[PDB]
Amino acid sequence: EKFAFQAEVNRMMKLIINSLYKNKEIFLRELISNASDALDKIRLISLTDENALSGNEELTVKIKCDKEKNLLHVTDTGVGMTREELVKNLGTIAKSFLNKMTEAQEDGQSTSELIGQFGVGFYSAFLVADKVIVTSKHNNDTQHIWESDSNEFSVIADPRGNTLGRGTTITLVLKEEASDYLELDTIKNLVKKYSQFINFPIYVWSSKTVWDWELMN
């Protein structure tokens, strides 16, 4: 159940952290960017599979804050990940760079748009999270759970059964010095800055006292 990151992924994580060390808020931009790519992925698949959305009819990205439990949730109803995809897509490299990141970093150029361009921004979550939990269900597999603290990662079958229907949930156990992102006004502002150009609706579980979703894009 326990795996070690591929060495190249260990290096990529450090390069992404050092590049976005001064602008940690970018992690939420990438999580949104990733959630869109997953939704964009299942929508293309729906053009060829009439039952690709049977597990879940909505195509949304929903965000929840839990100040009491110190958690931040980013859920998308996209294509999702199988057990094998949780291990390979997150633990190794398998798409399409390291010299370019080093060259831009060594020659002192900016790389924020470079990480979001290749879609490796998932690891920027470790800028604000002590642990990253990924719950995902793919139409061709059962719902699994992926956990990591940047030192290793594990995958287990979700004992709660099929809860998501289809999609992924990125759960971040925010650090002690990242509780600023537990407040609502800061999250809603950050979400709106990065979710305008996403072709899918973005909801945030806010309060007013009753609670409900709030559209941001």
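Residue positions are given as counts along the sequence shown, with the first one as 1.
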If you count the residues of the deposited sequence that sit between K22 and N23 but have no coordinates, do you get none, 1 to 3, 4 to 9, or 10 or more?
none
Hey, how big is the hole between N140 and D141 in terms of deposited residues without coordinates: none, 1 to 3, 4 to 9, or 10 or more?
none
59-67 versus 147-155: which one carries the higher mean Cα B factor per the record?
59-67
Mean C-alpha B factor from the entry: is it higher for 80-88 or for 102-110?
102-110
Candidate set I170, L28, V173, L182 [ranked by C-alpha B-factor, highest]:
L182
Per the PDB entry, which option out of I93, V132, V74, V128 has the greatest Cα B factor?
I93
What third of its chain's C-alpha B-factors does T209 belong to: lowest, middle or highest?
highest
B-factor third for the C-alpha atom of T48 within its chain
highest
Here the Cα B-factor of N18, set against its chain, lands in the third termed middle
C-alpha B factor of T186, ranked within the chain: lowest, middle or highest third?
highest
Entry-reported Cα temperature factor of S33, expressed as the chain third it lands in
middle
